[PDB]
C-alpha cells in the first residue's frame, strides 16, 4: 500500500472552531481524506493517545523518514517566556518552532494562526502573535474565523499534488481569497441604488436591503463566502447579518465596531 503524506497538526491559542470547520468538508469527507489521501499523524482533538503516549506520537511524526507538512491552528502567546500557553509542560511557541523547522510546508488554518486572531486583539494580555511573526517564516494563510473547509482542504490538496498555490500580499491563496465578498453579494444592486436597511427591525431589512449602514465589511473583505456558501446552505448576509471582515488580518481591531462604518 502506497505511502500517504504525513500531516502534523498543532493547536496553540485557539478555539478549535478551525478543526470543527475542517471536518465539515464534503469533497472529500474527512474520513476519506485521512484514510486515503493523507496520514494525519498528530491531532489533539481526535487522536487516541494522550499524555506521554501522545507526545511520543508527535516525536515519531517529526522524526519520520518521509518528512511531513505542518498545519497550525491558533496564535502563539509569548508573554512570560511562552508559559501562558503550554502542552506537555512545554511553551507552545517552543514546540511550534521545533515542528516548523523541518516542515515541508506550513499551512495556517484560521485568522488566529495566520494573523494572531482574537487573543491578539487590544490590549493583547498574552502578547499573542501569528505564526509567521512568531517563527519568522512565510506561511500559507487560510484565514476566516473559521475559514471555509473548501478553502482549507483545497489548499492542503493543492500543496500535496501541485505545489504552493499563488498567494496574495497577506499569504492567502488567490484561488479562494482573490475577490471581495461585496463584489459577489446578491445585495449589490441595493448598495448601488443607495437602498440600505437602517435597523434590523425595519421594513428595509425585511426586504433584503444592503447592510452597509449596519456595518457590513464586505466591501473591504477578501473571501469567497457568497460564492461557495457554508455547509452547502447559507452565509451571513443571506441570513440578514453584516459581514464582520473575519478573513482580514487583525479584524477585531480594524473592523470594529461591527455594527458601524465609523
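Positions refer to the first chain, counted from 1.
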Looking only at CA atoms, which has the higher mean B factor in the entry: 213-221 or 189-197?
189-197
Taking the deposited Cα B-factors and averaging over 70-78 and over 129-137, the higher mean is found in 129-137
Can you tell me which of 150, 101, 109, 121 has the highest Cα temperature factor in the record?
101
Highest CA B factor of 181, 114, 145, 167, as deposited, is found at 167
Hey, what third does residue 231 fall into on Cα B-factor, ranked over its chain?
lowest
Using the B-factor values recorded in the entry, state whether the Cα atom of residue 8 falls in the lowest, middle or highest third among the modelled residues of its chain.
lowest
Taking the chain's C-alpha temperature factors as the reference, tell me which third residue 175 falls into: lowest, middle or highest.
highest
Is residue 159 in the lowest, middle or highest third of its chain when residues are ranked by C-alpha B-factor?
highest
Split the chain's modelled residues into thirds by Cα B-factor; residue 87 lands in the middle
